[PDB]
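Text of the file coords.pdb, holding PDB, C-alpha atoms and all ligand atoms:
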MODEL        1
ATOM      1  CA  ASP S   3      24.326 -18.226 -13.594  1.00  0.00           C
ATOM      2  CA  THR S   4      23.274 -16.604 -10.300  1.00  0.00           C
ATOM      3  CA  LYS S   5      21.585 -18.035  -7.215  1.00  0.00           C
ATOM      4  CA  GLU S   6      18.419 -16.126  -8.134  1.00  0.00           C
ATOM      5  CA  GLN S   7      18.387 -17.635 -11.628  1.00  0.00           C
ATOM      6  CA  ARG S   8      18.854 -21.072 -10.053  1.00  0.00           C
ATOM      7  CA  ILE S   9      15.889 -20.460  -7.724  1.00  0.00           C
ATOM      8  CA  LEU S  10      13.703 -19.417 -10.670  1.00  0.00           C
ATOM      9  CA  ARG S  11      14.721 -22.402 -12.775  1.00  0.00           C
ATOM     10  CA  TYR S  12      14.047 -24.695  -9.833  1.00  0.00           C
ATOM     11  CA  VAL S  13      10.543 -23.277  -9.464  1.00  0.00           C
ATOM     12  CA  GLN S  14       9.906 -23.634 -13.213  1.00  0.00           C
ATOM     13  CA  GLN S  15      10.967 -27.299 -13.102  1.00  0.00           C
ATOM     14  CA  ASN S  16       9.453 -28.348  -9.720  1.00  0.00           C
ATOM     15  CA  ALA S  17       6.277 -26.294  -9.223  1.00  0.00           C
ATOM     16  CA  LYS S  18       3.004 -26.260 -11.199  1.00  0.00           C
ATOM     17  CA  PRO S  19       2.294 -23.254 -13.391  1.00  0.00           C
ATOM     18  CA  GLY S  20      -0.500 -21.148 -12.016  1.00  0.00           C
ATOM     19  CA  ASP S  21      -0.236 -22.714  -8.539  1.00  0.00           C
ATOM     20  CA  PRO S  22       1.219 -20.121  -6.105  1.00  0.00           C
ATOM     21  CA  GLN S  23       1.396 -22.514  -3.167  1.00  0.00           C
ATOM     22  CA  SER S  24       3.578 -24.930  -5.239  1.00  0.00           C
ATOM     23  CA  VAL S  25       5.815 -21.965  -6.081  1.00  0.00           C
ATOM     24  CA  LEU S  26       6.328 -21.090  -2.411  1.00  0.00           C
ATOM     25  CA  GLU S  27       7.026 -24.713  -1.531  1.00  0.00           C
ATOM     26  CA  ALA S  28       9.578 -25.052  -4.353  1.00  0.00           C
ATOM     27  CA  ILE S  29      11.427 -21.909  -3.258  1.00  0.00           C
ATOM     28  CA  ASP S  30      11.467 -23.026   0.355  1.00  0.00           C
ATOM     29  CA  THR S  31      12.707 -26.517  -0.581  1.00  0.00           C
ATOM     30  CA  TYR S  32      15.472 -25.096  -2.740  1.00  0.00           C
ATOM     31  CA  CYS S  33      16.562 -22.676  -0.045  1.00  0.00           C
ATOM     32  CA  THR S  34      16.516 -25.309   2.658  1.00  0.00           C
ATOM     33  CA  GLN S  35      18.260 -28.101   0.728  1.00  0.00           C
ATOM     34  CA  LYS S  36      20.522 -26.207  -1.725  1.00  0.00           C
ATOM     35  CA  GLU S  37      21.324 -22.514  -1.134  1.00  0.00           C
ATOM     36  CA  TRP S  38      20.082 -20.066   1.499  1.00  0.00           C
ATOM     37  CA  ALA S  39      18.467 -16.933   0.146  1.00  0.00           C
ATOM     38  CA  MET S  40      16.862 -13.853   1.729  1.00  0.00           C
ATOM     39  CA  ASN S  41      13.219 -14.742   1.004  1.00  0.00           C
ATOM     40  CA  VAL S  42      10.925 -14.093   4.002  1.00  0.00           C
ATOM     41  CA  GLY S  43      10.544 -17.912   4.335  1.00  0.00           C
ATOM     42  CA  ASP S  44       7.760 -20.075   5.624  1.00  0.00           C
ATOM     43  CA  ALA S  45       8.000 -19.275   9.376  1.00  0.00           C
ATOM     44  CA  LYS S  46       7.590 -15.545   8.986  1.00  0.00           C
ATOM     45  CA  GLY S  47       5.499 -16.146   5.858  1.00  0.00           C
ATOM     46  CA  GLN S  48       2.814 -17.871   7.928  1.00  0.00           C
ATOM     47  CA  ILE S  49       2.586 -14.739  10.125  1.00  0.00           C
ATOM     48  CA  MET S  50       2.365 -12.584   6.980  1.00  0.00           C
ATOM     49  CA  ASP S  51      -0.481 -14.784   5.714  1.00  0.00           C
ATOM     50  CA  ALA S  52      -2.373 -14.325   9.013  1.00  0.00           C
ATOM     51  CA  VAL S  53      -1.957 -10.526   8.778  1.00  0.00           C
ATOM     52  CA  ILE S  54      -3.037 -10.371   5.136  1.00  0.00           C
ATOM     53  CA  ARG S  55      -6.124 -12.447   5.914  1.00  0.00           C
ATOM     54  CA  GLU S  56      -7.035 -10.239   8.892  1.00  0.00           C
ATOM     55  CA  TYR S  57      -6.914  -6.977   6.912  1.00  0.00           C
ATOM     56  CA  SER S  58      -7.825  -8.064   3.332  1.00  0.00           C
ATOM     57  CA  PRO S  59      -5.996  -5.064   1.914  1.00  0.00           C
ATOM     58  CA  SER S  60      -7.062  -3.689  -1.452  1.00  0.00           C
ATOM     59  CA  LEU S  61      -3.753  -1.960  -2.244  1.00  0.00           C
ATOM     60  CA  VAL S  62      -0.422  -3.184  -0.883  1.00  0.00           C
ATOM     61  CA  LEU S  63       3.052  -1.675  -1.431  1.00  0.00           C
ATOM     62  CA  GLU S  64       6.134  -3.891  -1.016  1.00  0.00           C
ATOM     63  CA  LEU S  65       9.623  -2.459  -0.741  1.00  0.00           C
ATOM     64  CA  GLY S  66      12.282  -4.927  -1.901  1.00  0.00           C
ATOM     65  CA  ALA S  67      10.784  -7.739  -3.908  1.00  0.00           C
ATOM     66  CA  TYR S  68      14.001  -9.791  -4.349  1.00  0.00           C
ATOM     67  CA  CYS S  69      12.808 -12.926  -6.238  1.00  0.00           C
ATOM     68  CA  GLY S  70       9.102 -12.387  -5.654  1.00  0.00           C
ATOM     69  CA  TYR S  71       8.563 -14.879  -2.797  1.00  0.00           C
ATOM     70  CA  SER S  72       6.675 -12.439  -0.584  1.00  0.00           C
ATOM     71  CA  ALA S  73       4.915 -10.957  -3.616  1.00  0.00           C
ATOM     72  CA  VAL S  74       3.569 -14.456  -4.447  1.00  0.00           C
ATOM     73  CA  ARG S  75       2.702 -15.015  -0.769  1.00  0.00           C
ATOM     74  CA  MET S  76       0.683 -11.818  -0.488  1.00  0.00           C
ATOM     75  CA  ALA S  77      -0.834 -11.716  -3.959  1.00  0.00           C
ATOM     76  CA  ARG S  78      -2.226 -15.253  -3.706  1.00  0.00           C
ATOM     77  CA  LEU S  79      -4.337 -14.164  -0.703  1.00  0.00           C
ATOM     78  CA  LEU S  80      -5.606 -10.856  -2.162  1.00  0.00           C
ATOM     79  CA  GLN S  81      -9.296 -10.579  -3.036  1.00  0.00           C
ATOM     80  CA  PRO S  82     -10.393 -10.274  -6.653  1.00  0.00           C
ATOM     81  CA  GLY S  83      -9.443  -6.841  -8.012  1.00  0.00           C
ATOM     82  CA  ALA S  84      -6.983  -6.060  -5.119  1.00  0.00           C
ATOM     83  CA  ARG S  85      -3.479  -5.095  -6.164  1.00  0.00           C
ATOM     84  CA  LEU S  86       0.164  -5.254  -5.096  1.00  0.00           C
ATOM     85  CA  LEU S  87       2.813  -2.754  -6.165  1.00  0.00           C
ATOM     86  CA  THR S  88       6.254  -4.160  -5.479  1.00  0.00           C
ATOM     87  CA  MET S  89       9.501  -2.176  -5.809  1.00  0.00           C
ATOM     88  CA  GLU S  90      12.838  -3.769  -6.639  1.00  0.00           C
ATOM     89  CA  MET S  91      15.812  -1.581  -7.515  1.00  0.00           C
ATOM     90  CA  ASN S  92      18.093  -4.426  -8.749  1.00  0.00           C
ATOM     91  CA  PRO S  93      17.120  -4.939 -12.406  1.00  0.00           C
ATOM     92  CA  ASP S  94      18.245  -8.570 -12.472  1.00  0.00           C
ATOM     93  CA  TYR S  95      16.121  -9.301  -9.418  1.00  0.00           C
ATOM     94  CA  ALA S  96      13.199  -7.337 -10.844  1.00  0.00           C
ATOM     95  CA  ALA S  97      13.304  -9.601 -13.940  1.00  0.00           C
ATOM     96  CA  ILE S  98      13.373 -12.704 -11.716  1.00  0.00           C
ATOM     97  CA  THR S  99      10.393 -11.352  -9.761  1.00  0.00           C
ATOM     98  CA  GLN S 100       8.367 -10.707 -12.909  1.00  0.00           C
ATOM     99  CA  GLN S 101       9.066 -14.201 -14.205  1.00  0.00           C
ATOM    100  CA  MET S 102       8.193 -15.696 -10.808  1.00  0.00           C
ATOM    101  CA  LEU S 103       4.857 -13.918 -10.745  1.00  0.00           C
ATOM    102  CA  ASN S 104       4.208 -14.944 -14.365  1.00  0.00           C
ATOM    103  CA  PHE S 105       4.863 -18.590 -13.534  1.00  0.00           C
ATOM    104  CA  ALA S 106       2.589 -18.362 -10.481  1.00  0.00           C
ATOM    105  CA  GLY S 107      -0.193 -16.833 -12.630  1.00  0.00           C
ATOM    106  CA  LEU S 108      -0.338 -13.708 -10.428  1.00  0.00           C
ATOM    107  CA  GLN S 109       0.890 -11.147 -12.974  1.00  0.00           C
ATOM    108  CA  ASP S 110      -2.498  -9.451 -13.303  1.00  0.00           C
ATOM    109  CA  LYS S 111      -2.532  -8.651  -9.565  1.00  0.00           C
ATOM    110  CA  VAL S 112       1.002  -7.305  -9.241  1.00  0.00           C
ATOM    111  CA  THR S 113       3.015  -4.482 -10.763  1.00  0.00           C
ATOM    112  CA  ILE S 114       6.761  -4.784 -10.340  1.00  0.00           C
ATOM    113  CA  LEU S 115       8.418  -1.357 -10.236  1.00  0.00           C
ATOM    114  CA  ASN S 116      12.137  -1.427 -11.009  1.00  0.00           C
ATOM    115  CA  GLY S 117      13.644   1.555  -9.075  1.00  0.00           C
ATOM    116  CA  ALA S 118      14.618   2.886  -5.601  1.00  0.00           C
ATOM    117  CA  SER S 119      12.034   3.691  -2.941  1.00  0.00           C
ATOM    118  CA  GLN S 120      13.405   7.216  -2.526  1.00  0.00           C
ATOM    119  CA  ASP S 121      12.748   7.950  -6.188  1.00  0.00           C
ATOM    120  CA  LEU S 122       9.494   6.008  -6.669  1.00  0.00           C
ATOM    121  CA  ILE S 123       7.506   6.718  -3.474  1.00  0.00           C
ATOM    122  CA  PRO S 124       7.067  10.415  -4.464  1.00  0.00           C
ATOM    123  CA  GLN S 125       5.697   9.243  -7.857  1.00  0.00           C
ATOM    124  CA  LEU S 126       3.081   6.827  -6.548  1.00  0.00           C
ATOM    125  CA  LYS S 127       0.133   9.263  -6.496  1.00  0.00           C
ATOM    126  CA  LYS S 128       0.544  10.873  -9.891  1.00  0.00           C
ATOM    127  CA  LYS S 129       2.232   8.104 -11.891  1.00  0.00           C
ATOM    128  CA  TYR S 130       0.586   4.962 -10.371  1.00  0.00           C
ATOM    129  CA  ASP S 131      -2.799   6.518  -9.483  1.00  0.00           C
ATOM    130  CA  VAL S 132      -2.436   5.774  -5.774  1.00  0.00           C
ATOM    131  CA  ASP S 133      -4.584   7.581  -3.220  1.00  0.00           C
ATOM    132  CA  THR S 134      -3.582   5.902   0.039  1.00  0.00           C
ATOM    133  CA  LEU S 135      -2.060   2.514   0.828  1.00  0.00           C
ATOM    134  CA  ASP S 136      -3.840  -0.170   2.880  1.00  0.00           C
ATOM    135  CA  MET S 137      -0.675  -2.047   3.781  1.00  0.00           C
ATOM    136  CA  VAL S 138       3.067  -1.722   3.282  1.00  0.00           C
ATOM    137  CA  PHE S 139       5.586  -4.605   3.536  1.00  0.00           C
ATOM    138  CA  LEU S 140       9.071  -3.309   4.301  1.00  0.00           C
ATOM    139  CA  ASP S 141      11.835  -5.688   3.226  1.00  0.00           C
ATOM    140  CA  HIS S 142      14.485  -3.496   1.576  1.00  0.00           C
ATOM    141  CA  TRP S 143      17.700  -2.033   3.064  1.00  0.00           C
ATOM    142  CA  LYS S 144      17.214  -2.043   6.829  1.00  0.00           C
ATOM    143  CA  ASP S 145      18.509   1.548   7.128  1.00  0.00           C
ATOM    144  CA  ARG S 146      15.688   2.646   4.846  1.00  0.00           C
ATOM    145  CA  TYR S 147      12.715   1.454   6.956  1.00  0.00           C
ATOM    146  CA  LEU S 148      12.571   4.646   9.001  1.00  0.00           C
ATOM    147  CA  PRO S 149      13.283   7.221   6.245  1.00  0.00           C
ATOM    148  CA  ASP S 150      10.782   5.567   3.916  1.00  0.00           C
ATOM    149  CA  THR S 151       8.103   5.412   6.606  1.00  0.00           C
ATOM    150  CA  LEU S 152       8.567   9.169   7.081  1.00  0.00           C
ATOM    151  CA  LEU S 153       8.563   9.711   3.299  1.00  0.00           C
ATOM    152  CA  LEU S 154       5.334   7.734   2.873  1.00  0.00           C
ATOM    153  CA  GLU S 155       3.765   9.980   5.518  1.00  0.00           C
ATOM    154  CA  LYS S 156       5.070  13.174   3.890  1.00  0.00           C
ATOM    155  CA  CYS S 157       3.676  12.084   0.533  1.00  0.00           C
ATOM    156  CA  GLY S 158       0.194  11.566   1.984  1.00  0.00           C
ATOM    157  CA  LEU S 159       0.232   7.815   1.269  1.00  0.00           C
ATOM    158  CA  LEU S 160      -0.778   6.673   4.797  1.00  0.00           C
ATOM    159  CA  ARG S 161      -4.288   6.770   6.205  1.00  0.00           C
ATOM    160  CA  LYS S 162      -5.782   5.894   9.582  1.00  0.00           C
ATOM    161  CA  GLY S 163      -5.370   2.137   9.792  1.00  0.00           C
ATOM    162  CA  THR S 164      -2.645   1.631   7.189  1.00  0.00           C
ATOM    163  CA  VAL S 165      -0.737  -1.485   8.234  1.00  0.00           C
ATOM    164  CA  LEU S 166       3.074  -1.399   8.043  1.00  0.00           C
ATOM    165  CA  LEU S 167       4.591  -4.874   8.307  1.00  0.00           C
ATOM    166  CA  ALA S 168       8.387  -4.930   8.639  1.00  0.00           C
ATOM    167  CA  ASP S 169      10.689  -7.909   8.070  1.00  0.00           C
ATOM    168  CA  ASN S 170      14.029  -8.451   9.832  1.00  0.00           C
ATOM    169  CA  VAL S 171      13.454  -6.194  12.778  1.00  0.00           C
ATOM    170  CA  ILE S 172      15.801  -8.442  14.833  1.00  0.00           C
ATOM    171  CA  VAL S 173      18.228  -9.812  12.198  1.00  0.00           C
ATOM    172  CA  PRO S 174      19.794  -7.896  10.544  1.00  0.00           C
ATOM    173  CA  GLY S 175      17.724  -5.492  12.648  1.00  0.00           C
ATOM    174  CA  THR S 176      16.172  -2.110  12.198  1.00  0.00           C
ATOM    175  CA  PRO S 177      16.799  -0.367  15.524  1.00  0.00           C
ATOM    176  CA  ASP S 178      15.960   3.199  14.535  1.00  0.00           C
ATOM    177  CA  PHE S 179      12.698   2.196  12.877  1.00  0.00           C
ATOM    178  CA  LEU S 180      11.674   0.064  15.925  1.00  0.00           C
ATOM    179  CA  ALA S 181      12.502   2.769  18.427  1.00  0.00           C
ATOM    180  CA  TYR S 182      10.647   5.339  16.386  1.00  0.00           C
ATOM    181  CA  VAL S 183       7.399   3.484  15.696  1.00  0.00           C
ATOM    182  CA  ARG S 184       7.203   2.013  19.231  1.00  0.00           C
ATOM    183  CA  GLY S 185       7.669   5.470  20.734  1.00  0.00           C
ATOM    184  CA  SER S 186       5.332   7.355  18.447  1.00  0.00           C
ATOM    185  CA  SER S 187       1.681   8.026  19.255  1.00  0.00           C
ATOM    186  CA  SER S 188       1.073   7.860  15.493  1.00  0.00           C
ATOM    187  CA  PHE S 189       1.653   4.070  15.471  1.00  0.00           C
ATOM    188  CA  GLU S 190       0.150   1.111  17.259  1.00  0.00           C
ATOM    189  CA  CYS S 191       2.819  -1.621  17.259  1.00  0.00           C
ATOM    190  CA  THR S 192       2.857  -5.370  17.709  1.00  0.00           C
ATOM    191  CA  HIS S 193       5.889  -7.671  17.580  1.00  0.00           C
ATOM    192  CA  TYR S 194       5.615 -11.175  16.100  1.00  0.00           C
ATOM    193  CA  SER S 195       8.613 -13.229  17.210  1.00  0.00           C
ATOM    194  CA  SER S 196       9.707 -15.861  14.681  1.00  0.00           C
ATOM    195  CA  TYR S 197      12.835 -17.168  12.948  1.00  0.00           C
ATOM    196  CA  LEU S 198      15.117 -15.967  10.238  1.00  0.00           C
ATOM    197  CA  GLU S 199      14.274 -17.651   6.931  1.00  0.00           C
ATOM    198  CA  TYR S 200      15.663 -21.185   6.709  1.00  0.00           C
ATOM    199  CA  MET S 201      17.656 -20.826   9.947  1.00  0.00           C
ATOM    200  CA  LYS S 202      17.445 -21.599  13.644  1.00  0.00           C
ATOM    201  CA  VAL S 203      18.047 -17.925  14.449  1.00  0.00           C
ATOM    202  CA  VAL S 204      15.456 -15.667  16.130  1.00  0.00           C
ATOM    203  CA  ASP S 205      13.997 -12.909  13.975  1.00  0.00           C
ATOM    204  CA  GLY S 206      10.625 -11.168  13.952  1.00  0.00           C
ATOM    205  CA  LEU S 207       8.100  -9.052  12.139  1.00  0.00           C
ATOM    206  CA  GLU S 208       6.822  -5.709  13.464  1.00  0.00           C
ATOM    207  CA  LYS S 209       3.323  -4.565  12.651  1.00  0.00           C
ATOM    208  CA  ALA S 210       2.905  -0.797  13.024  1.00  0.00           C
ATOM    209  CA  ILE S 211      -0.589   0.536  12.381  1.00  0.00           C
ATOM    210  CA  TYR S 212      -0.683   4.209  11.430  1.00  0.00           C
ATOM    211  CA  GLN S 213      -3.068   6.272  13.550  1.00  0.00           C
ATOM    212  CA  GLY S 214      -3.009   9.605  11.670  1.00  0.00           C
ATOM    213  CA  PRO S 215      -0.859  12.727  12.360  1.00  0.00           C
TER     214      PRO S 215
HETATM  215  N1  LIG H   1      16.044   1.888  -1.288  1.00  0.00           N
HETATM  216  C1  LIG H   1      15.598   0.740  -1.911  1.00  0.00           C
HETATM  217  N2  LIG H   1      14.537   0.796  -2.751  1.00  0.00           N
HETATM  218  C2  LIG H   1      14.067  -0.271  -3.400  1.00  0.00           C
HETATM  219  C3  LIG H   1      14.743  -1.465  -3.280  1.00  0.00           C
HETATM  220  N3  LIG H   1      14.589  -2.711  -3.815  1.00  0.00           N
HETATM  221  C4  LIG H   1      15.545  -3.482  -3.324  1.00  0.00           C
HETATM  222  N4  LIG H   1      16.343  -2.775  -2.440  1.00  0.00           N
HETATM  223  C5  LIG H   1      17.559  -3.239  -1.749  1.00  0.00           C
HETATM  224  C6  LIG H   1      17.211  -4.525  -0.955  1.00  0.00           C
HETATM  225  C7  LIG H   1      18.497  -5.159  -0.460  1.00  0.00           C
HETATM  226  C8  LIG H   1      18.156  -6.425   0.367  1.00  0.00           C
HETATM  227  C9  LIG H   1      17.446  -6.051   1.694  1.00  0.00           C
HETATM  228  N5  LIG H   1      17.204  -7.227   2.550  1.00  0.00           N
HETATM  229  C10 LIG H   1      18.195  -7.731   3.304  1.00  0.00           C
HETATM  230  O1  LIG H   1      19.347  -7.221   3.305  1.00  0.00           O
HETATM  231  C11 LIG H   1      17.959  -8.967   4.099  1.00  0.00           C
HETATM  232  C12 LIG H   1      19.030  -9.602   4.737  1.00  0.00           C
HETATM  233  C13 LIG H   1      18.899 -10.754   5.484  1.00  0.00           C
HETATM  234  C14 LIG H   1      20.093 -11.396   6.127  1.00  0.00           C
HETATM  235  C15 LIG H   1      21.323 -11.379   5.495  1.00  0.00           C
HETATM  236  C16 LIG H   1      22.409 -11.980   6.071  1.00  0.00           C
HETATM  237  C17 LIG H   1      22.271 -12.612   7.294  1.00  0.00           C
HETATM  238  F1  LIG H   1      23.332 -13.221   7.856  1.00  0.00           F
HETATM  239  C18 LIG H   1      21.066 -12.625   7.971  1.00  0.00           C
HETATM  240  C19 LIG H   1      19.976 -11.992   7.392  1.00  0.00           C
HETATM  241  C20 LIG H   1      17.634 -11.312   5.613  1.00  0.00           C
HETATM  242  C21 LIG H   1      16.550 -10.708   5.024  1.00  0.00           C
HETATM  243  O2  LIG H   1      15.298 -11.244   5.154  1.00  0.00           O
HETATM  244  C22 LIG H   1      16.670  -9.547   4.263  1.00  0.00           C
HETATM  245  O3  LIG H   1      15.535  -9.010   3.745  1.00  0.00           O
HETATM  246  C23 LIG H   1      15.844  -1.510  -2.393  1.00  0.00           C
HETATM  247  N6  LIG H   1      16.258  -0.417  -1.737  1.00  0.00           N
HETATM  248 CL    CL H   2      10.782 -12.388  -0.098  1.00  0.00          CL
HETATM  249 CL    CL H   3      11.617 -20.680   7.170  1.00  0.00          CL
HETATM  250 MG    MG H   4      13.824  -9.870   4.699  1.00  0.00          MG
ENDMDL
END

I'd like the structure from this file rewritten - as structure tokens, please.
Ligand SMILES: Nc1ncc2ncn(CCCCCNC(=O)c3cc(-c4ccc(F)cc4)cc(O)c3O)c2n1
Ligand SMILES: [Cl-]
Ligand SMILES: [Cl-]
Ligand SMILES: [Mg+2]
Amino acid sequence: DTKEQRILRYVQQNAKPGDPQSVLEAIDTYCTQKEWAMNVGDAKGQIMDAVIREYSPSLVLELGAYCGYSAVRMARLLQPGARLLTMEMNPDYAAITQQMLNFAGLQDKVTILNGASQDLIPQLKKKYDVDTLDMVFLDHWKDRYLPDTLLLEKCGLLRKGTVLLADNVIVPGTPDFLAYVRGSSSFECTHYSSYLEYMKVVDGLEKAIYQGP
């Protein structure tokens, strides 16, 4: 089997069904004690939680679900009726994510879209009935943060106040995205310094609030 299958099995055998917090703790324990994996982790996850609670978004888009760790983290804090759309282009990872959400009991709040951001973002309005997004969590290929931000704008998916929250802006880094949003009058940016998941290595999240064209 794969590392992702091992993470899922570990959750299934060490967390409580329908208890998202137990799911997060099981993933973090596995990834600390057994095998590192690119989940956002608890350090940056706590900052994510604070952001989600501040904004109480009704409709969130995630780019790059992986195993569903961040999807569980966000979805467990959403208000009744609020929704997460999470994109994962790797079909094996998309299946892990679905099963993770199912175990956590969050499947009614989340729709896992198996495809690439460049193909799916232009379909969001017509195919997934989206008007505008309240928040976007960027966690996919780091060289896609900037083009997909620009694509979301082109497609009319951002409104005044839409919160972009970007993982890994330090490691592996997203220098073009950071330079762009920090220099643009269309974004109000805040950096949240933290640590790479499961490691004593500095990383951070960037929040970039869209201000309109
Ligand atoms: N276009 C499109 N559309 C949709 C999609 N769905 C999935 N993908 C592709 C996602 C591929 C994984 C992206 N994430 C990372 O590479 C990542 C890496 C590290 C890391 C690694 C090694 C180190 F030594 C240190 C840090 C840490 C992180 O937290 C990361 O998130 C998509 N792409
Ligand atoms: Cl994650
Ligand atoms: Cl961590
Ligand atoms: Mg990441």

List as number ranges by chain the protein and nucleic acid residues lying within 9 Å of ligand MG 4 (chain H), with only C-alpha atoms and all ligand atoms counted.
S: 40-43, 66, 140-144, 168-171, 173-174, 198-199

Would you output that residue set with C-alpha atoms, as an mmCIF file, in the coordinates of the input?
data_model
loop_
_atom_site.group_PDB
_atom_site.id
_atom_site.type_symbol
_atom_site.label_atom_id
_atom_site.label_comp_id
_atom_site.auth_asym_id
_atom_site.auth_seq_id
_atom_site.Cartn_x
_atom_site.Cartn_y
_atom_site.Cartn_z
ATOM 1 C CA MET S 40 16.862 -13.853 1.729
ATOM 2 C CA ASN S 41 13.219 -14.742 1.004
ATOM 3 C CA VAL S 42 10.925 -14.093 4.002
ATOM 4 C CA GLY S 43 10.544 -17.912 4.335
ATOM 5 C CA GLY S 66 12.282 -4.927 -1.901
ATOM 6 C CA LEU S 140 9.071 -3.309 4.301
ATOM 7 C CA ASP S 141 11.835 -5.688 3.226
ATOM 8 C CA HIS S 142 14.485 -3.496 1.576
ATOM 9 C CA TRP S 143 17.700 -2.033 3.064
ATOM 10 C CA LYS S 144 17.214 -2.043 6.829
ATOM 11 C CA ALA S 168 8.387 -4.930 8.639
ATOM 12 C CA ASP S 169 10.689 -7.909 8.070
ATOM 13 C CA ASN S 170 14.029 -8.451 9.832
ATOM 14 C CA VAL S 171 13.454 -6.194 12.778
ATOM 15 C CA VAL S 173 18.228 -9.812 12.198
ATOM 16 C CA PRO S 174 19.794 -7.896 10.544
ATOM 17 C CA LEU S 198 15.117 -15.967 10.238
ATOM 18 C CA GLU S 199 14.274 -17.651 6.931
#

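The gap separating atom CA of residue 89 of chain S from atom CA of residue 115 of chain S is 4.6 Å, in Å to one decimal.
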
Would you kindly return, as a ChimeraX atom specification, each protein, DNA or RNA residue with an atom no farther than 7 Å from any atom of segment 190-194 of chain S, considering only C-alpha atoms and excluding same-chain residues fewer than 4 positions away?
/S:184,206-212

Between chain S and ligand CL 3 (chain H), at 12 Å or less, what are the per-residue closest atom pairs and their distances in Å? Count all atoms listed in the file, order by chain and rising residue number, and return it as JSON lines.
{"residue": "S:26", "atom": "CA", "partner": "H:CL3", "partner_atom": "CL", "distance": 11.0}
{"residue": "S:27", "atom": "CA", "partner": "H:CL3", "partner_atom": "CL", "distance": 10.6}
{"residue": "S:29", "atom": "CA", "partner": "H:CL3", "partner_atom": "CL", "distance": 10.5}
{"residue": "S:30", "atom": "CA", "partner": "H:CL3", "partner_atom": "CL", "distance": 7.2}
{"residue": "S:31", "atom": "CA", "partner": "H:CL3", "partner_atom": "CL", "distance": 9.8}
{"residue": "S:32", "atom": "CA", "partner": "H:CL3", "partner_atom": "CL", "distance": 11.5}
{"residue": "S:33", "atom": "CA", "partner": "H:CL3", "partner_atom": "CL", "distance": 9.0}
{"residue": "S:34", "atom": "CA", "partner": "H:CL3", "partner_atom": "CL", "distance": 8.1}
{"residue": "S:35", "atom": "CA", "partner": "H:CL3", "partner_atom": "CL", "distance": 11.9}
{"residue": "S:38", "atom": "CA", "partner": "H:CL3", "partner_atom": "CL", "distance": 10.2}
{"residue": "S:39", "atom": "CA", "partner": "H:CL3", "partner_atom": "CL", "distance": 10.5}
{"residue": "S:40", "atom": "CA", "partner": "H:CL3", "partner_atom": "CL", "distance": 10.2}
{"residue": "S:41", "atom": "CA", "partner": "H:CL3", "partner_atom": "CL", "distance": 8.7}
{"residue": "S:42", "atom": "CA", "partner": "H:CL3", "partner_atom": "CL", "distance": 7.3}
{"residue": "S:43", "atom": "CA", "partner": "H:CL3", "partner_atom": "CL", "distance": 4.1}
{"residue": "S:44", "atom": "CA", "partner": "H:CL3", "partner_atom": "CL", "distance": 4.2}
{"residue": "S:45", "atom": "CA", "partner": "H:CL3", "partner_atom": "CL", "distance": 4.5}
{"residue": "S:46", "atom": "CA", "partner": "H:CL3", "partner_atom": "CL", "distance": 6.8}
{"residue": "S:47", "atom": "CA", "partner": "H:CL3", "partner_atom": "CL", "distance": 7.7}
{"residue": "S:48", "atom": "CA", "partner": "H:CL3", "partner_atom": "CL", "distance": 9.3}
{"residue": "S:49", "atom": "CA", "partner": "H:CL3", "partner_atom": "CL", "distance": 11.2}
{"residue": "S:71", "atom": "CA", "partner": "H:CL3", "partner_atom": "CL", "distance": 11.9}
{"residue": "S:196", "atom": "CA", "partner": "H:CL3", "partner_atom": "CL", "distance": 9.1}
{"residue": "S:197", "atom": "CA", "partner": "H:CL3", "partner_atom": "CL", "distance": 6.9}
{"residue": "S:198", "atom": "CA", "partner": "H:CL3", "partner_atom": "CL", "distance": 6.6}
{"residue": "S:199", "atom": "CA", "partner": "H:CL3", "partner_atom": "CL", "distance": 4.0}
{"residue": "S:200", "atom": "CA", "partner": "H:CL3", "partner_atom": "CL", "distance": 4.1}
{"residue": "S:201", "atom": "CA", "partner": "H:CL3", "partner_atom": "CL", "distance": 6.6}
{"residue": "S:202", "atom": "CA", "partner": "H:CL3", "partner_atom": "CL", "distance": 8.8}
{"residue": "S:203", "atom": "CA", "partner": "H:CL3", "partner_atom": "CL", "distance": 10.1}
{"residue": "S:204", "atom": "CA", "partner": "H:CL3", "partner_atom": "CL", "distance": 11.0}
{"residue": "S:205", "atom": "CA", "partner": "H:CL3", "partner_atom": "CL", "distance": 10.6}
{"residue": "S:206", "atom": "CA", "partner": "H:CL3", "partner_atom": "CL", "distance": 11.7}

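Of the residues under consideration (S:162, S:8, S:55, S:146), S:8 shows the shortest atom-to-atom contact distance to residue 28 of chain S when counting only C-alpha atoms.
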
Can you translate the PyMOL selection byres (((chain S and resi 7) around 12) and not hetatm) into the concrete residues it hits in this file, as a PyMOL selection string?
chain S and resi 3-6+8-14+29+32+37+39+68-69+94-99+101-102

Check which residues satisfy the PyMOL selection byres (((chain S and resi 19) around 7) and not hetatm) in the file shown, then give them as a ChimeraX atom specification.
/S:17-18,20-21,105-107

Answer as number ranges by chain, residues within 8 Å of (7.3, -2.3, -9.8) using only C-alpha atoms
S: 87-90, 96, 113-117

The distance between atom CA of residue 122 of chain S and atom CA of residue 80 of chain S is 23.1 Å

Report as number ranges by chain the full result of the PyMOL selection byres (((chain S and resi 151-160) around 8) and not hetatm) when it is applied to this structure.
S: 120, 123-124, 127, 132-136, 147-150, 161-162, 164, 212, 214

Separation of atom CA of residue 91 of chain S from atom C9 of ligand LIG 1 (chain H), in Å and rounded to one decimal:
10.4 Å

For ligand LIG 1 (chain H), which residue among S:179, S:130, S:57, S:139 is the nearest when counting only C-alpha atoms and all ligand atoms?
S:139

Give me the residues near residue 112 of chain S as a PyMOL selection string, where near means some atom within 12 Å (using only C-alpha atoms) and where sequence neighbours in that chain fewer than 6 positions away do not count.
chain S and resi 60-64+67+70+72-78+80+83-89+99-104+106
